[PDB]
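> I am sharing target.cif, which consists of mmCIF, N, CA, C and O atoms:
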```cif
data_protein
loop_
_atom_site.label_atom_id
_atom_site.label_comp_id
_atom_site.auth_asym_id
_atom_site.auth_seq_id
_atom_site.Cartn_x
_atom_site.Cartn_y
_atom_site.Cartn_z
N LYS A 1 98.51 82.33 108.31
CA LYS A 1 97.22 81.58 108.18
C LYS A 1 96.26 82.35 107.28
O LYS A 1 95.74 81.79 106.32
N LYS A 2 96.04 83.63 107.57
CA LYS A 2 95.14 84.46 106.77
C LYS A 2 95.72 85.80 106.31
O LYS A 2 95.93 86.70 107.12
N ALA A 3 95.98 85.93 105.01
CA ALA A 3 96.52 87.16 104.45
C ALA A 3 95.45 87.89 103.60
O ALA A 3 94.72 87.27 102.81
N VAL A 4 95.37 89.20 103.77
CA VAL A 4 94.38 90.01 103.07
C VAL A 4 94.99 91.11 102.23
O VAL A 4 95.88 91.82 102.66
N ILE A 5 94.48 91.25 101.02
CA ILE A 5 94.94 92.30 100.13
C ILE A 5 93.74 93.16 99.78
O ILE A 5 92.76 92.65 99.29
N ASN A 6 93.81 94.46 100.05
CA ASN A 6 92.74 95.40 99.66
C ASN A 6 93.17 95.99 98.30
O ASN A 6 93.77 97.06 98.23
N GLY A 7 92.84 95.29 97.22
CA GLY A 7 93.26 95.72 95.89
C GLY A 7 93.03 97.16 95.51
O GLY A 7 93.73 97.70 94.66
N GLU A 8 92.03 97.77 96.14
CA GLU A 8 91.68 99.17 95.91
C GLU A 8 92.83 100.07 96.34
O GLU A 8 93.02 101.15 95.79
N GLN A 9 93.59 99.61 97.33
CA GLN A 9 94.71 100.40 97.84
C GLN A 9 96.03 100.16 97.11
O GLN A 9 97.03 100.80 97.43
N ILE A 10 96.04 99.22 96.16
CA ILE A 10 97.25 98.89 95.41
C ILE A 10 97.55 99.93 94.35
O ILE A 10 96.67 100.34 93.63
N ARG A 11 98.81 100.35 94.25
CA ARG A 11 99.19 101.33 93.24
C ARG A 11 100.29 100.84 92.29
O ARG A 11 100.62 101.53 91.31
N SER A 12 100.86 99.67 92.56
CA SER A 12 101.92 99.11 91.71
C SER A 12 102.29 97.68 92.12
O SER A 12 101.82 97.17 93.16
N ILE A 13 103.15 97.05 91.33
CA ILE A 13 103.57 95.68 91.63
C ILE A 13 104.32 95.60 92.96
O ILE A 13 104.07 94.69 93.77
N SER A 14 105.22 96.54 93.22
CA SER A 14 105.94 96.51 94.49
C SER A 14 105.00 96.65 95.71
O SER A 14 105.24 96.05 96.77
N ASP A 15 103.92 97.42 95.56
CA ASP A 15 102.93 97.61 96.63
C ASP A 15 102.40 96.26 97.01
O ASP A 15 102.18 95.96 98.18
N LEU A 16 102.14 95.46 95.98
CA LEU A 16 101.62 94.11 96.18
C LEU A 16 102.61 93.27 96.94
O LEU A 16 102.23 92.57 97.86
N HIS A 17 103.87 93.33 96.54
CA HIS A 17 104.90 92.54 97.22
C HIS A 17 105.08 92.98 98.66
O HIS A 17 105.24 92.16 99.55
N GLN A 18 105.07 94.29 98.89
CA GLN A 18 105.26 94.78 100.24
C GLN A 18 104.02 94.48 101.13
O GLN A 18 104.16 94.28 102.33
N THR A 19 102.84 94.42 100.53
CA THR A 19 101.63 94.12 101.29
C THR A 19 101.77 92.66 101.67
O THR A 19 101.53 92.30 102.82
N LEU A 20 102.14 91.83 100.70
CA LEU A 20 102.34 90.39 100.92
C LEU A 20 103.40 90.15 101.98
O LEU A 20 103.27 89.24 102.82
N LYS A 21 104.45 90.97 101.94
CA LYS A 21 105.54 90.87 102.89
C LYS A 21 104.97 91.02 104.31
O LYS A 21 105.28 90.25 105.20
N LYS A 22 104.09 92.00 104.48
CA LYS A 22 103.47 92.28 105.78
C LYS A 22 102.42 91.23 106.16
O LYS A 22 102.49 90.64 107.22
N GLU A 23 101.48 90.96 105.26
CA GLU A 23 100.42 89.99 105.50
C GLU A 23 100.86 88.54 105.66
O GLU A 23 100.18 87.76 106.35
N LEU A 24 101.96 88.14 105.03
CA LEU A 24 102.39 86.75 105.17
C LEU A 24 103.54 86.62 106.12
O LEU A 24 104.07 85.53 106.31
N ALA A 25 103.93 87.74 106.72
CA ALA A 25 105.07 87.74 107.65
C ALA A 25 106.30 87.21 106.87
O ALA A 25 106.95 86.28 107.32
N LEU A 26 106.61 87.79 105.72
CA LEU A 26 107.74 87.30 104.92
C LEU A 26 109.06 87.71 105.56
O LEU A 26 109.07 88.50 106.50
N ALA A 27 110.17 87.17 105.05
CA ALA A 27 111.49 87.49 105.58
C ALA A 27 111.80 88.96 105.42
O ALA A 27 111.43 89.58 104.41
N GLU A 28 112.52 89.49 106.40
CA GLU A 28 112.92 90.88 106.45
C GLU A 28 113.57 91.39 105.17
O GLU A 28 113.39 92.54 104.80
N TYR A 29 114.32 90.52 104.50
CA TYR A 29 115.00 90.89 103.27
C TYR A 29 114.36 90.29 102.04
O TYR A 29 114.99 90.16 100.99
N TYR A 30 113.09 89.91 102.18
CA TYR A 30 112.33 89.35 101.07
C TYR A 30 112.60 90.17 99.80
O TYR A 30 112.59 91.40 99.83
N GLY A 31 112.80 89.48 98.68
CA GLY A 31 113.13 90.16 97.41
C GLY A 31 112.12 90.98 96.62
O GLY A 31 112.50 91.73 95.73
N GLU A 32 110.83 90.83 96.91
CA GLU A 32 109.81 91.60 96.20
C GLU A 32 109.84 91.43 94.67
O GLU A 32 109.82 92.39 93.89
N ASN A 33 109.90 90.19 94.24
CA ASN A 33 109.85 89.89 92.83
C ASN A 33 109.26 88.51 92.75
O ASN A 33 109.20 87.79 93.75
N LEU A 34 108.78 88.17 91.56
CA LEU A 34 108.14 86.89 91.30
C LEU A 34 108.94 85.68 91.76
O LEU A 34 108.36 84.72 92.29
N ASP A 35 110.27 85.71 91.59
CA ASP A 35 111.10 84.58 92.03
C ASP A 35 111.17 84.50 93.56
O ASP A 35 111.08 83.41 94.13
N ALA A 36 111.37 85.63 94.23
CA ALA A 36 111.41 85.63 95.69
C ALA A 36 110.06 85.13 96.22
O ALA A 36 110.01 84.45 97.25
N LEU A 37 108.98 85.46 95.52
CA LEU A 37 107.66 85.04 95.96
C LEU A 37 107.57 83.50 95.90
O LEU A 37 107.09 82.85 96.83
N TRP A 38 108.02 82.92 94.79
CA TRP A 38 108.03 81.46 94.73
C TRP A 38 108.89 80.85 95.86
O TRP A 38 108.46 79.91 96.55
N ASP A 39 110.08 81.40 96.07
CA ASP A 39 110.96 80.87 97.11
C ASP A 39 110.37 81.00 98.52
O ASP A 39 110.58 80.11 99.36
N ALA A 40 109.62 82.09 98.78
CA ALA A 40 109.02 82.28 100.12
C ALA A 40 107.89 81.28 100.33
O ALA A 40 107.66 80.81 101.44
N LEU A 41 107.20 80.93 99.25
CA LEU A 41 106.09 79.97 99.29
C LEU A 41 106.65 78.57 99.56
O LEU A 41 106.14 77.83 100.38
N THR A 42 107.74 78.22 98.89
CA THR A 42 108.31 76.89 99.08
C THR A 42 109.14 76.74 100.33
O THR A 42 109.28 75.63 100.83
N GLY A 43 109.69 77.83 100.86
CA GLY A 43 110.52 77.66 102.03
C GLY A 43 110.47 78.71 103.12
O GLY A 43 111.51 79.05 103.68
N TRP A 44 109.29 79.22 103.43
CA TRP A 44 109.16 80.22 104.47
C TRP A 44 107.75 80.20 105.03
O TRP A 44 107.54 79.91 106.19
N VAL A 45 106.78 80.51 104.17
CA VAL A 45 105.38 80.54 104.59
C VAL A 45 104.94 79.21 105.21
O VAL A 45 105.41 78.14 104.83
N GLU A 46 104.03 79.32 106.16
CA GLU A 46 103.44 78.18 106.86
C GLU A 46 102.04 77.95 106.27
O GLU A 46 101.29 78.90 106.03
N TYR A 47 101.70 76.70 106.03
CA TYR A 47 100.40 76.31 105.50
C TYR A 47 99.63 75.68 106.65
O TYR A 47 100.23 75.14 107.57
N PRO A 48 98.29 75.73 106.62
CA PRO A 48 97.27 76.26 105.71
C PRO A 48 97.30 77.77 105.50
O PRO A 48 97.41 78.54 106.46
N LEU A 49 97.16 78.19 104.24
CA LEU A 49 97.16 79.60 103.91
C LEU A 49 95.91 80.06 103.19
O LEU A 49 95.52 79.49 102.17
N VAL A 50 95.27 81.09 103.72
CA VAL A 50 94.12 81.65 103.04
C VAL A 50 94.57 83.04 102.63
O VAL A 50 95.08 83.80 103.46
N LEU A 51 94.39 83.37 101.36
CA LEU A 51 94.75 84.66 100.80
C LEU A 51 93.48 85.23 100.24
O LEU A 51 92.94 84.71 99.27
N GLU A 52 93.00 86.31 100.86
CA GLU A 52 91.77 86.95 100.45
C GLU A 52 92.19 88.14 99.64
O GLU A 52 92.87 89.02 100.14
N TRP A 53 91.78 88.19 98.39
CA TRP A 53 92.23 89.31 97.60
C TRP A 53 90.99 90.09 97.19
O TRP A 53 90.25 89.67 96.31
N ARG A 54 90.75 91.21 97.84
CA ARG A 54 89.59 92.04 97.54
C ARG A 54 89.87 92.99 96.40
O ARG A 54 91.00 93.42 96.23
N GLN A 55 88.82 93.30 95.63
CA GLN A 55 88.90 94.26 94.53
C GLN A 55 90.04 93.90 93.59
O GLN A 55 90.83 94.76 93.16
N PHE A 56 90.10 92.62 93.27
CA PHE A 56 91.11 92.10 92.39
C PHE A 56 91.18 92.85 91.07
O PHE A 56 92.26 93.17 90.60
N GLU A 57 90.04 93.14 90.46
CA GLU A 57 90.07 93.81 89.16
C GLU A 57 90.71 95.20 89.27
O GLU A 57 91.48 95.63 88.40
N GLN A 58 90.43 95.90 90.37
CA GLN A 58 91.03 97.20 90.57
C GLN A 58 92.55 97.10 90.69
O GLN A 58 93.27 97.91 90.09
N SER A 59 93.06 96.11 91.43
CA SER A 59 94.51 95.98 91.59
C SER A 59 95.15 95.58 90.27
O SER A 59 96.32 95.87 90.03
N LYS A 60 94.35 94.94 89.44
CA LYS A 60 94.75 94.47 88.13
C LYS A 60 94.96 95.68 87.21
O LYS A 60 95.98 95.79 86.53
N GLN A 61 94.01 96.61 87.21
CA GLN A 61 94.17 97.81 86.40
C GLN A 61 95.36 98.65 86.89
O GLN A 61 96.16 99.13 86.09
N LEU A 62 95.49 98.80 88.21
CA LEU A 62 96.56 99.61 88.82
C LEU A 62 97.96 99.01 88.81
O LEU A 62 98.90 99.62 89.33
N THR A 63 98.11 97.81 88.25
CA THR A 63 99.43 97.22 88.21
C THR A 63 99.73 96.78 86.79
O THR A 63 100.61 95.96 86.58
N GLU A 64 99.00 97.32 85.83
CA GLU A 64 99.17 96.94 84.44
C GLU A 64 99.23 95.41 84.37
O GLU A 64 100.18 94.83 83.83
N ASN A 65 98.20 94.78 84.94
CA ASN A 65 98.05 93.33 85.00
C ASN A 65 99.13 92.57 85.75
O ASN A 65 99.17 91.36 85.72
N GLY A 66 100.01 93.27 86.44
CA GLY A 66 101.03 92.58 87.19
C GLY A 66 100.43 91.67 88.27
O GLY A 66 101.00 90.62 88.57
N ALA A 67 99.31 92.09 88.85
CA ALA A 67 98.61 91.29 89.89
C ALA A 67 98.30 89.88 89.39
O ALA A 67 98.19 88.95 90.17
N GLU A 68 98.11 89.74 88.07
CA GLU A 68 97.80 88.43 87.50
C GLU A 68 99.01 87.49 87.64
O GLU A 68 98.86 86.30 87.91
N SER A 69 100.20 88.04 87.47
CA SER A 69 101.43 87.24 87.58
C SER A 69 101.69 86.88 89.03
O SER A 69 102.14 85.78 89.33
N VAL A 70 101.44 87.82 89.93
CA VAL A 70 101.62 87.52 91.34
C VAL A 70 100.61 86.42 91.69
O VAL A 70 100.95 85.48 92.40
N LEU A 71 99.39 86.52 91.18
CA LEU A 71 98.39 85.50 91.47
C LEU A 71 98.78 84.12 90.90
O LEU A 71 98.50 83.09 91.50
N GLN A 72 99.41 84.10 89.73
CA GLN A 72 99.86 82.86 89.10
C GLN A 72 100.85 82.11 89.99
O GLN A 72 100.84 80.87 90.06
N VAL A 73 101.70 82.86 90.69
CA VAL A 73 102.69 82.23 91.56
C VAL A 73 101.97 81.45 92.65
O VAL A 73 102.36 80.32 92.96
N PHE A 74 100.93 82.05 93.24
CA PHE A 74 100.17 81.33 94.25
C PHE A 74 99.45 80.12 93.62
O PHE A 74 99.38 79.04 94.21
N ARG A 75 98.94 80.28 92.41
CA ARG A 75 98.23 79.17 91.80
C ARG A 75 99.20 78.03 91.45
O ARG A 75 98.86 76.85 91.50
N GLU A 76 100.43 78.41 91.10
CA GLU A 76 101.45 77.43 90.79
C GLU A 76 101.84 76.66 92.05
O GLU A 76 101.94 75.43 92.03
N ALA A 77 102.01 77.34 93.18
CA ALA A 77 102.33 76.59 94.38
C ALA A 77 101.16 75.65 94.69
O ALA A 77 101.33 74.51 95.13
N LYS A 78 99.96 76.12 94.42
CA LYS A 78 98.76 75.34 94.68
C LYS A 78 98.70 74.12 93.75
O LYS A 78 98.38 73.02 94.16
N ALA A 79 99.02 74.33 92.48
CA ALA A 79 99.04 73.24 91.53
C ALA A 79 100.06 72.20 92.02
O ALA A 79 99.82 71.00 91.88
N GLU A 80 101.17 72.64 92.60
CA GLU A 80 102.20 71.75 93.10
C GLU A 80 101.90 71.13 94.46
O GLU A 80 102.77 70.51 95.08
N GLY A 81 100.68 71.34 94.94
CA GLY A 81 100.27 70.75 96.19
C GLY A 81 100.18 71.59 97.43
O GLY A 81 99.77 71.09 98.47
N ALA A 82 100.53 72.86 97.37
CA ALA A 82 100.48 73.68 98.57
C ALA A 82 99.02 73.93 99.03
O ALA A 82 98.14 74.18 98.21
N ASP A 83 98.78 73.86 100.34
CA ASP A 83 97.45 74.08 100.86
C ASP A 83 97.14 75.58 100.98
O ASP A 83 97.26 76.20 102.04
N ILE A 84 96.74 76.14 99.85
CA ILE A 84 96.40 77.55 99.75
C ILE A 84 95.01 77.72 99.20
O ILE A 84 94.63 77.04 98.24
N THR A 85 94.27 78.66 99.79
CA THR A 85 92.93 78.97 99.35
C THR A 85 92.99 80.44 99.00
O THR A 85 93.45 81.23 99.81
N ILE A 86 92.57 80.79 97.78
CA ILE A 86 92.58 82.15 97.32
C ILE A 86 91.15 82.60 97.16
O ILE A 86 90.34 81.93 96.53
N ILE A 87 90.82 83.73 97.76
CA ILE A 87 89.46 84.26 97.68
C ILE A 87 89.55 85.52 96.89
O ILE A 87 90.18 86.47 97.34
N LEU A 88 88.94 85.52 95.72
CA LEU A 88 88.99 86.66 94.85
C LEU A 88 87.73 87.49 94.87
O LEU A 88 86.79 87.21 94.14
N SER A 89 87.71 88.51 95.73
CA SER A 89 86.59 89.43 95.80
C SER A 89 86.92 90.65 94.93
O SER A 89 86.32 91.69 95.26
#
```
Can you give me the file's structure in the form of structure tokens?

Amino acid sequence: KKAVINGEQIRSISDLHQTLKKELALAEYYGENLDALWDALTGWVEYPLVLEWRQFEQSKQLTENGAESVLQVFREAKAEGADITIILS
């Protein structure tokens, strides 16, 4: 229902995936890559979903903009109709 990312604590793309793994209660063998993220959104996660992403710009610098691609996956599921709310602090 509610997943939180403290971007200040992010140090890489995998950190993001593993945080997401914990915050969204993803599958034990979740793949930690952009494709696994799409698959978990379409066939694992329960909606309504609120994803609060704090200090987004900081996580952006610390992942060589990788956070932007992870964010695109959520926006894509949203464009396709998924009930997701993203809060970018």
> Residues picked by the PyMOL selection byres ((chain A and resi 40-46) around 7) here, as a ChimeraX atom specification?
/A:1,24-26,35-39,47-50,83
> Write out as a PyMOL selection string all residues of chain A that DSSP puts in helix (DSSP H, G or I) for this structure's backbone.
chain A and resi 7-9+13-23+34-43+56-61+66-79
> So that I can see what lies close to residue A:20, please list as an NGL selection string the residues with an atom at most 8 Å from it, counting all atoms listed in the file and leaving out residues fewer than 6 positions away in the same chain.
:A and (3-5 or 13-14 or 26-27)
> So what do you get for atom O of residue A:2 versus atom N of residue A:69, distance-wise?
20.2 Å
> Write down as a VMD selection string the residues of chain A whose backbone DSSP state falls under strand (DSSP E).
chain A and resid 2 to 6 49 to 54 84 to 88
> Now that the selection is made, can you save its residues with N, CA, C and O atoms as an mmCIF file, in the coordinates of the input?

```
data_model
loop_
_atom_site.group_PDB
_atom_site.id
_atom_site.type_symbol
_atom_site.label_atom_id
_atom_site.label_comp_id
_atom_site.auth_asym_id
_atom_site.auth_seq_id
_atom_site.Cartn_x
_atom_site.Cartn_y
_atom_site.Cartn_z
ATOM 1 N N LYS A 2 96.040 83.630 107.570
ATOM 2 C CA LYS A 2 95.140 84.460 106.770
ATOM 3 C C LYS A 2 95.720 85.800 106.310
ATOM 4 O O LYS A 2 95.930 86.700 107.120
ATOM 5 N N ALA A 3 95.980 85.930 105.010
ATOM 6 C CA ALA A 3 96.520 87.160 104.450
ATOM 7 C C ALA A 3 95.450 87.890 103.600
ATOM 8 O O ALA A 3 94.720 87.270 102.810
ATOM 9 N N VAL A 4 95.370 89.200 103.770
ATOM 10 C CA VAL A 4 94.380 90.010 103.070
ATOM 11 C C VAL A 4 94.990 91.110 102.230
ATOM 12 O O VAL A 4 95.880 91.820 102.660
ATOM 13 N N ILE A 5 94.480 91.250 101.020
ATOM 14 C CA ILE A 5 94.940 92.300 100.130
ATOM 15 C C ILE A 5 93.740 93.160 99.780
ATOM 16 O O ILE A 5 92.760 92.650 99.290
ATOM 17 N N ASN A 6 93.810 94.460 100.050
ATOM 18 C CA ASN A 6 92.740 95.400 99.660
ATOM 19 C C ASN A 6 93.170 95.990 98.300
ATOM 20 O O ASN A 6 93.770 97.060 98.230
ATOM 21 N N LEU A 49 97.160 78.190 104.240
ATOM 22 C CA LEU A 49 97.160 79.600 103.910
ATOM 23 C C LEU A 49 95.910 80.060 103.190
ATOM 24 O O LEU A 49 95.520 79.490 102.170
ATOM 25 N N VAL A 50 95.270 81.090 103.720
ATOM 26 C CA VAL A 50 94.120 81.650 103.040
ATOM 27 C C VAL A 50 94.570 83.040 102.630
ATOM 28 O O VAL A 50 95.080 83.800 103.460
ATOM 29 N N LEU A 51 94.390 83.370 101.360
ATOM 30 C CA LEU A 51 94.750 84.660 100.800
ATOM 31 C C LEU A 51 93.480 85.230 100.240
ATOM 32 O O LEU A 51 92.940 84.710 99.270
ATOM 33 N N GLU A 52 93.000 86.310 100.860
ATOM 34 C CA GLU A 52 91.770 86.950 100.450
ATOM 35 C C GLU A 52 92.190 88.140 99.640
ATOM 36 O O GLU A 52 92.870 89.020 100.140
ATOM 37 N N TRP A 53 91.780 88.190 98.390
ATOM 38 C CA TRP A 53 92.230 89.310 97.600
ATOM 39 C C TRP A 53 90.990 90.090 97.190
ATOM 40 O O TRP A 53 90.250 89.670 96.310
ATOM 41 N N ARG A 54 90.750 91.210 97.840
ATOM 42 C CA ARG A 54 89.590 92.040 97.540
ATOM 43 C C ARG A 54 89.870 92.990 96.400
ATOM 44 O O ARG A 54 91.000 93.420 96.230
ATOM 45 N N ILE A 84 96.740 76.140 99.850
ATOM 46 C CA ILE A 84 96.400 77.550 99.750
ATOM 47 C C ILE A 84 95.010 77.720 99.200
ATOM 48 O O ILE A 84 94.630 77.040 98.240
ATOM 49 N N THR A 85 94.270 78.660 99.790
ATOM 50 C CA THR A 85 92.930 78.970 99.350
ATOM 51 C C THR A 85 92.990 80.440 99.000
ATOM 52 O O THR A 85 93.450 81.230 99.810
ATOM 53 N N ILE A 86 92.570 80.790 97.780
ATOM 54 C CA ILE A 86 92.580 82.150 97.320
ATOM 55 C C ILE A 86 91.150 82.600 97.160
ATOM 56 O O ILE A 86 90.340 81.930 96.530
ATOM 57 N N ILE A 87 90.820 83.730 97.760
ATOM 58 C CA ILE A 87 89.460 84.260 97.680
ATOM 59 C C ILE A 87 89.550 85.520 96.890
ATOM 60 O O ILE A 87 90.180 86.470 97.340
ATOM 61 N N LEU A 88 88.940 85.520 95.720
ATOM 62 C CA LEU A 88 88.990 86.660 94.850
ATOM 63 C C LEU A 88 87.730 87.490 94.870
ATOM 64 O O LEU A 88 86.790 87.210 94.140
#
```
> Just give me the gap between atom N of residue A:57 and atom N of residue A:29 in Å, one decimal is fine.
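Between these atoms lies a distance of 28.2 Å.
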